[PDB]
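As a plain string of letters, each chain reads:
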Amino acid sequence: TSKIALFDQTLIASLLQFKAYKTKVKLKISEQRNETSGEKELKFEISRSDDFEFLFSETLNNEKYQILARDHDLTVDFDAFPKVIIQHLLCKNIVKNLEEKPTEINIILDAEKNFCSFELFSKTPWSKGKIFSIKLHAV
Amino acid sequence: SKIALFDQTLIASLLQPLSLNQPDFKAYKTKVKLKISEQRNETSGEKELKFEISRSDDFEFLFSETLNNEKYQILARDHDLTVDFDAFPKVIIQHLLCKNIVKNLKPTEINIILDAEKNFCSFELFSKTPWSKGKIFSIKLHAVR
């Protein structure tokens, strides 16, 4: 409940299995309250305007986030995490890519389709600049 | 055939222990001279990258490390570097060349951790991001003696 949409946009992501493919994916990031505990939650939803069976999501609470900031050396707290992610996605690189090969979003699919890994990057002159990778589960 | 690629005085945050037998490390902002040079190994002829840290405050303050391609591969692995050994110095140096137009008319970005016996010091370089400290790499430098 108390679901506030913070980001809802179609992005170009390169999909992986091991042949790569740049495809359009809908990413939704929203704020919600856990029904039993009332605690703040962050929900990530990935879907495709073509594949209807392509539905993945993950809900993060503060505990789940601590694992994510441990694995990716994030210094931002759970509250600021979506603000800096959404700022990166919407405000930072306003570069239009002509579509009738590098991507800042990588999606790695499971052969069984039980999940997928959603990866966000901010390239640097010396590294790929991985921000975080989140495991999204089949809906 | 040693060539100095970078030679500048930088502000670093220095951590040094009270003693070899005590937990306490005290922290200081201090000016250190960093020198990055390229050279050829005398026996093998292979390309080497040398890092040297010194400071006018203490003639006994002399640390260095020489990286060859193999040593670098370990460093690249530990810090997820995607640039090759040849490009590494050019990129790091281009990063360090900082025109601060902060014409006044304290985040450091360099951390140095010392040994109690002064046998080594860990040199760490950072480029802050909105979500992280942005560690570029850390290099263990050894006492020059």
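Residues numbered from 1 in each chain as written, not as in the entry; some residues may be left out. Chains lettered and ligands numbered in written order. Heavy atoms only, no water.

Structure determination for the deposited model, as stated in its record, used X-ray crystallography, and the stated resolution is 2.80 Å.

Chemist: Help me out: how do you make sense of the UniProt feature "domain: PISA" in chain B in this one?
Modeler: Feature annotation in UniProt assigns "domain: PISA" to the following positions: residues 44-96 of chain B. Strand forms 26% of residues 44-96 of chain B and helix 38%; the C-alpha atoms that close the span are 30 Å apart. (UniProt positions renumbered as here; feature names shortened; annotations may be inferred. Helix = DSSP H or I, 4+ residues; strand = E, 2+ residues; numbered from the N terminus.)

Chemist: Would you mind going over the pattern of salt bridges with me for this structure?
Modeler: Opposite charge on two side chains makes pairing possible when the charged atoms of those side chains draw close. As enumerated under the stated definition, the model contains eleven salt bridges over all chains in all. When the shortest N-O distance is used, the salt bridge between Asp79 of chain A and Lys40 of chain A registers 3.4 Å. Placement of the pair is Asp79 of chain A in the loop between α1 (62-72) and α2 (81-92) and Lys40 of chain A in strand β3 (residues 40-47), with a sequence separation of 39 residues. Under the relative-accessibility criterion, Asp79 of chain A is labelled partly exposed at 41%. Put simply, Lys135 of chain B and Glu124 of chain B hold a salt bridge, and the shortest N to O gap is 3.4 Å. Of this pair, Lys135 of chain B sits in strand β7 (residues 135-143) while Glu124 of chain B sits in strand β6 (residues 120-126), and the two are eleven residues apart along the sequence. Accessibility expressed as a relative area gives 40% for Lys135 of chain B, which makes it partly exposed. (Salt bridge = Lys/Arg side-chain N within 4 Å of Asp/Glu carboxyl O. Buried < 20%, exposed > 50% of the residue type's maximum accessible area, 1.4 Å probe, protein only.)

Chemist: For this particular structure, what's the right way to read the UniProt feature "domain: PISA" in chain A?
Modeler: UniProt's entry tags residues 37-89 of chain A with the feature "domain: PISA", counted in the numbering of this structure. With 38% helix and 26% strand, residues 37-89 of chain A has end C-alpha atoms that lie 30 Å from one another.

Chemist: I tried to follow unusual backbone geometry on my own but got confused; where do I start?
Modeler: With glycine set apart, most residues show a phi of negative sign, and most peptide bonds adopt trans. Phi at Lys113 of chain A is positive, roughly 65°, even though this residue is not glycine. Secondary-structure assignment places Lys113 of chain A in the loop between β5 (105-109) and β6 (115-121). For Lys113 of chain A, a relative accessible area of 31% corresponds to the partly exposed category. Phi angles above zero are rare outside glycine, and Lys118 of chain B is one such case at about 65°. Relative to the helices and strands, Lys118 of chain B resides in the loop between β5 (110-114) and β6.

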